[PDB]
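Working notes for the structure below.
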Amino acid sequence: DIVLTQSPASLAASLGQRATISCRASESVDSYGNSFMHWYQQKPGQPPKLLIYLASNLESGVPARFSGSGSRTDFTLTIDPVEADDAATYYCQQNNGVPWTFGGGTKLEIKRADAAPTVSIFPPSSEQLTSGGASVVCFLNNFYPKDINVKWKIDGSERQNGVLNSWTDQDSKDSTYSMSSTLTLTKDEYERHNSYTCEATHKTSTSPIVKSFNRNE
Amino acid sequence: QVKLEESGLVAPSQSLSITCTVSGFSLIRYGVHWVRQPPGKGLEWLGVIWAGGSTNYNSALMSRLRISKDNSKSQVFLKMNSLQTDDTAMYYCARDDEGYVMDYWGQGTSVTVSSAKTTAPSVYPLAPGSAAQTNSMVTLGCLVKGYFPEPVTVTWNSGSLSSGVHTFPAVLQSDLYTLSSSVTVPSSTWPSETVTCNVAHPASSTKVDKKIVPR
Ligand SMILES: [Mg+2]
Numbered sequence: 001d002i003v004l005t006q007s008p009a010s011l012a013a014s015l016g017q018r019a020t021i022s023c024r025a026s027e028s029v030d031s032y033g034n035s036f037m038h039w040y041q042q043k044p045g046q047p048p049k050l051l052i053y054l055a056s057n058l059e060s061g062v063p064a065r066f067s068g069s070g071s072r073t074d075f076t077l078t079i080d081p082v083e084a085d086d087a088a089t090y091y092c093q094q095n096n097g098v099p100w101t102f103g104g105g106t107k108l109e110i111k112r113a114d115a116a117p118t119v120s121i122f123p124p125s126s127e128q129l130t131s132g133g134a135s136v137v138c139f140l141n142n143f144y145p146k147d148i149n150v151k152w153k154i155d156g157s158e159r160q161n162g163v164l165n166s167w168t169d170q171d172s173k174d175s176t177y178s179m180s181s182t183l184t185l186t187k188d189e190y191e192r193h194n195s196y197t198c199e200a201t202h203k204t205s206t207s208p209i210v211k212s213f214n215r216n217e
Numbered sequence: 003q004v005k006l007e008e009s010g011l012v013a014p015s016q017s018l019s020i021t022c023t024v025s026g027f028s029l030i031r032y033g034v035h036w037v038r039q040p041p042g043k044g045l046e047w048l049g050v051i052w053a054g055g056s057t058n059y060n061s062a063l064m065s066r067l068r069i070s071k072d073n074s075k076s077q078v079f080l081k082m083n084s085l086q087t088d089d090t091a092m093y094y095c096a097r098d099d106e107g108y109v110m111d112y113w114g115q116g117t118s119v120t121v122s123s124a125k126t127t128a129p130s131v132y133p134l135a136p137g138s139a140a141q142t143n144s145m146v147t148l149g150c151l152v153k154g155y156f157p158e159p160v161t162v163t164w165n166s167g168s169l170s171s172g173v174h175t176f177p178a179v180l181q182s183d184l185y186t187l188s189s190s191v192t193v194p195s196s197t198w199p200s201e202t203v204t205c206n207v208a209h210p211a212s213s214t215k216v217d218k219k220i221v222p223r
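Protein chains in written order, with the deposited numbering: chain B, 1 to 217; chain A, 3 to 99, 106 to 223.
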């Protein structure tokens, strides 16, 4: 069986610059003058899409900024110039023997200018409270880079138990990330405190971005 | 054109059966591949049934995997047994070229291998904190809580409202998933016009609409 190893695991390239990623085969994928190596692109929530076949051939319909090169055990995929829509994970794939196998994938991040998050906080819905539950939700939207920290405070005291965080994949148009942070409490405990605060720490601003509310009628 | 259909959730003691229904080409002329992808992981080739009807397989899985087909029905079948929780994955079928590429792909079907039971979500509308409206923009939310297995699909205004939407990957907590989505619109859009989140959970055959109303 031929094993494919891709490098790097991830890379970040600015809009309009050049990306090259690599695929190394454990032994030759060459048969009678052709390299049986192929490249696929996968965007979030989509199936993979063929880009390059037999190492260097552009598939019909694929933009000409995509290219491939290599032979034997060493192959590259190049995107030049990179566009926002190229935010995706890329896979090499060989079929010089059965079984067909895939490399482990390389994630391309698009580098853009730093962007501060837009923060919004949401008390539990009336419907959730009537059901006996209480979740407080904080959205931290359209920021860059991806690293961010959220701190929850209840009546001014930090709370970490019961917080679930989730990041989107990178936006295919504006190259930002968003994240949701959900503090889940029992209704019993939610209704024994008055103030709820979501605090976002990001490199873009001094001041942490704070959104808060008081429980009231 | 290639379309996968499968159980959604299977117990680890049972078998997995998935059907790939194809259109626009004939299985007498084209082979069909199976490929899977665990959550957050890479593509893994499962095997292939060629136009002529012979098969090749992933070496590590061959003892518990078989692929077959019915040319006259335009259907390709995958069956797996001796299941493991890391068989939880999106399962794709894809058209062969014979034998160079996978050029057309199905959208994939999610398979979860688990003894936990199907649970429909609660869907909660998230309106801003009680009162007028502060900004030139308003952000609304939808909280999809306590369901199993993945996936759910979520739209806003039946998919007509797509700009300014962020739908976040679900988080798993004690055998149940929770998912949220936000949508940001100009202040003149809401509350003067209706905004509704639409949620579908195929495993429980459930759909829920929630209109976002001011608190
Ligand atoms: Mg792999």
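All C-beta atoms in this analysis are idealised placements derived from N, C-alpha and C, irrespective of residue type, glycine included.
task: Step through the CB atoms of chain A and report whether any lies within less than 9 Å of the CB of residue 220(B).
output: Absent from the structure is residue 220(B), since the part of chain B shown begins at 1 and ends at 217.
Reference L11(B), options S28(B), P44(B), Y53(B), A87(B), closest by Cα: As a position in the first sequence, residue 11(B) is number 11, starting the count at 1. With distances taken between Cα atoms, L11(B) lies closest to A87(B).
query: Among the residues of its own chain, which have a CB less than 7 Å from the CB of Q170(B), if the five just before and after it don't count?
result: Position 170 of the first sequence, counted from the start, is the residue given in the question as residue 170(B). Once the five neighbours on either side are set aside, the close Cβ partners of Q170(B) are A87, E109, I110, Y177.
message: Could you tell me the alpha carbon to alpha carbon distance between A62(A) and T101(B), rounded to whole angstroms?
response: Locating residue 62(A) in the second sequence gives position 60, where the first residue counts as 1. Locating residue 101(B) in the first sequence gives position 101, where the first residue counts as 1. Straight across, the Cα-Cα distance linking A62(A) with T101(B) is about 12 Å.
message: Would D88(A) pass as an interface residue toward chain B - the criterion being a Cβ-Cβ separation below 9 Å?
response: The sequence position of residue 88(A) within the second sequence is 86, counting from 1. Chain B contact via Cβ: absent.
message: Residues of chain A with CB closer than 7 Å to the CB of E127(B), please, in chain order.
response: In the first sequence, the residue the question calls residue 127(B) occupies position 127. Those are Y132, listed as they occur along chain A.
- prompt: Which residues have a Cβ closer than 7 Å to any heavy atom of ligand 1, listed in chain order?
  reply: Chain-ordered list of matching residues: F102(B), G104(B), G44(A), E46(A).
message: Can you check whether the C-beta of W100(B) is within less than 9 Å of a C-beta belonging to chain A?
response: Numbered from 1 along the first sequence, position 100 holds the residue referred to as residue 100(B). Using beta-carbon distances, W100(B) counts as an interface residue toward chain A, with a partner under 9 Å.
- prompt: Among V136(B), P81(B), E217(B), which residue has its Cα nearest to the Cα of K211(B)?
  reply: In the first sequence, counting from the first residue as 1, residue 211(B) sits at position 211. Cα-wise, what sits closest to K211(B) is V136(B).
field: Touch test, the stretch 31-48 of chain A against the stretch 71-90 of chain A, Cβ-Cβ under 8 Å, three pairs minimum
entry: They touch, by the three-pair rule.
- prompt: For chain A, is any of its Cβ atoms less than 9 Å away from the one on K43(B)?
  reply: What you label residue 43(B) is simply residue 43 of the first sequence in a count that begins at 1. The beta carbon of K43(B) does not come within 9 Å of any beta carbon belonging to chain A, so the residue lies off that interface.
task: Look up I154(B) in the DSSP assignment and give the residues it is bridged to.
output: Taking the first sequence and counting its residues from 1, the one referred to as residue 154(B) is at position 154. Paired residues: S157(B), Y196(B).
query: chain A partners of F139(B), CB-CB under 8 Å?
result: Numbered from its first residue, the first sequence carries residue 139(B) at position 139. Chain A residues near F139(B): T147, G149, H174, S188, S190.
- request: Using only alpha-carbon positions, find the residue among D1(B), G16(B), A116(B) that is nearest to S26(B).
  value: To locate residue 26(B), count along the first sequence from 1; it is residue 26. Among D1(B), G16(B), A116(B), the Cα nearest to that of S26(B) belongs to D1(B).
Exposed unless 16 or more other CB atoms sit within 10 angstroms - verdict on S195(A): Residue numbering aside, residue 195(A) sits at position 187 when the second sequence is read from its first letter. Under the 10 Å beta carbon count, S195(A) is surrounded by fewer than 16 other beta carbons and is classified as exposed.
task: Examine chain B for any beta-carbon lying closer than 9 Å to the beta-carbon of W47(A), and answer yes or no.
output: In the second sequence, the residue the question calls residue 47(A) occupies position 45. Between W47(A) and chain B, the shortest Cβ-Cβ separation is below 9 Å.
field: Beta carbon proximity, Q170(B) to chain A, threshold 9 Å
entry: As a first step, residue 170(B) must be located in the first sequence, where it is residue number 170. The Cβ of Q170(B) sits no closer than 9 Å to any Cβ of chain A.
Cα-Cα separation between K215(A) and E158(A), rounded to whole angstroms: Against the second sequence, residue 215(A) aligns to sequence position 207. Against the second sequence, residue 158(A) aligns to sequence position 150. Each residue's alpha carbon lies about 14 Å from the other.
- prompt: First and last residue of the alpha helix (DSSP H) that includes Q128(B)?
  reply: The residue you call residue 128(B) lines up with position 128 of the first sequence. For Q128(B), the enclosing alpha helix (DSSP H) stretches over residues 126-130.
task: Step through the CB atoms of chain A and report whether any lies within less than 9 Å of the CB of residue 273(B).
output: Lying before the first or after the last residue shown, residue 273(B) is absent from chain B, which here runs from 1 to 217.
- prompt: chain B partners of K153(A), CB-CB under 7 Å?
  reply: The residue you call residue 153(A) lines up with position 145 of the second sequence. Within chain B, the C-beta atoms nearer than 7 Å to that of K153(A) come from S135, in chain order.
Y94(A) and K218(A) closer than 9 Å at C-beta: Taking the second sequence and counting its residues from 1, one reaches residue 94(A) at position 92. Taking the second sequence and counting its residues from 1, one reaches residue 218(A) at position 210. In this structure, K218(A) does not lie closer than 9 Å to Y94(A) by Cβ.
task: Just mark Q6(B) as buried or exposed, buried being the case when its beta carbon has 16 or more other beta carbons within 10 Å.
output: Position 6 of the first sequence, counting from 1, holds the residue named residue 6(B). Counting the other Cβ atoms within 10 Å of the Cβ of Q6(B) gives 16 or more, which makes it buried.
- prompt: By a C-beta neighbour count over all protein chains shown, 10 Å radius and 16 as the cutoff for buried, is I30(A) buried or exposed?
  reply: On the second sequence, residue 30(A) is found 28 positions in, with the first residue counted as 1. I30(A) counts as exposed, since fewer than 16 other beta carbons sit within 10 angstroms of its beta carbon.
query: To the nearest whole angstrom, what separates the beta carbons of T20(B) and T76(B), a pair I think is in contact under 8 Å?
result: For the purposes of this step, residue 20(B) is identified with residue 20 of the first sequence, where counting begins at 1. For the purposes of this step, residue 76(B) is identified with residue 76 of the first sequence, where counting begins at 1. Confirmed, Cβ separation roughly 5 Å.
- prompt: Under 9 Å between C-beta atoms, does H35(A) make it to chain B?
  reply: One-based indexing of the second sequence puts residue 35(A) at position 33. Interface flag for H35(A) against chain B is set, since a Cβ pair is found closer than 9 Å.
field: Any C-beta of chain B under 9 Å from that of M110(A)
entry: Numbered from 1 along the second sequence, position 102 holds the residue referred to as residue 110(A). Chain B, which has a Cβ nearer than 9 Å to the Cβ of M110(A), makes this yes.
task: Please classify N149(B): does DSSP put it in a helix, a strand, or coil?
output: Numbered from 1 along the first sequence, position 149 holds the residue referred to as residue 149(B). Collapsing the DSSP output to three states places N149(B) in a strand.
task: Check whether the Cβ atoms of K71(A) and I51(A) lie closer than 9 Å to each other.
output: Your numbering for residue 71(A) matches position 69 in the second sequence. Your numbering for residue 51(A) matches position 49 in the second sequence. Going by C-beta atoms, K71(A) is nearer than 9 Å to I51(A).
Backbone CA spacing between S122(A) and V207(A) [nearest angstrom]: Along the second sequence, one-based indexing puts residue 122(A) at 114. Along the second sequence, one-based indexing puts residue 207(A) at 199. The straight-line gap from Cα to Cα measures roughly 23 Å.
query: At what residues does the alpha helix (DSSP H) containing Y144(B) begin and finish?
result: As a working note, residue 144(B) is residue 144 in the first sequence. It is not in any alpha helix (DSSP H) - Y144(B) carries neither H nor E in the DSSP assignment.
message: DSSP three-state label for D80(B), please.
response: By one-based count along the first sequence, residue 80(B) stands at place 80. Looking at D80(B) - three-state DSSP - the assignment turns out to be coil, as it is neither helix nor strand.
message: Please list, in chain order, the chain B residues whose beta carbon lies closer than 7 Å to that of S61(A).
response: The residue you call residue 61(A) lines up with position 59 of the second sequence. Taking a Cβ-Cβ cut-off of 7 Å, the neighbours of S61(A) in chain B comprise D1, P99, given in sequence order.
field: Of the listed residues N142(B), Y190(B), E59(B), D114(B), nearest to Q41(B) (C-alpha basis)
entry: Locating residue 41(B) in the first sequence gives position 41, where the first residue counts as 1. Ranking the options by Cα distance to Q41(B), first place goes to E59(B).
- request: Quick one: using the 10 Å Cβ neighbour count with 16 as the cut-off for buried, is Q16(A) buried or exposed?
  value: Along the second sequence, one-based indexing puts residue 16(A) at 14. Its Cβ having fewer than 16 others within 10 Å, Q16(A) is exposed.
- request: Please classify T161(A): is it buried, with 16 or more other beta-carbons within 10 angstroms of its beta-carbon, or exposed?
  value: In the second sequence, counting from the first residue as 1, residue 161(A) sits at position 153. Classification of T161(A): exposed, given that the 10 Å Cβ count is below 16.
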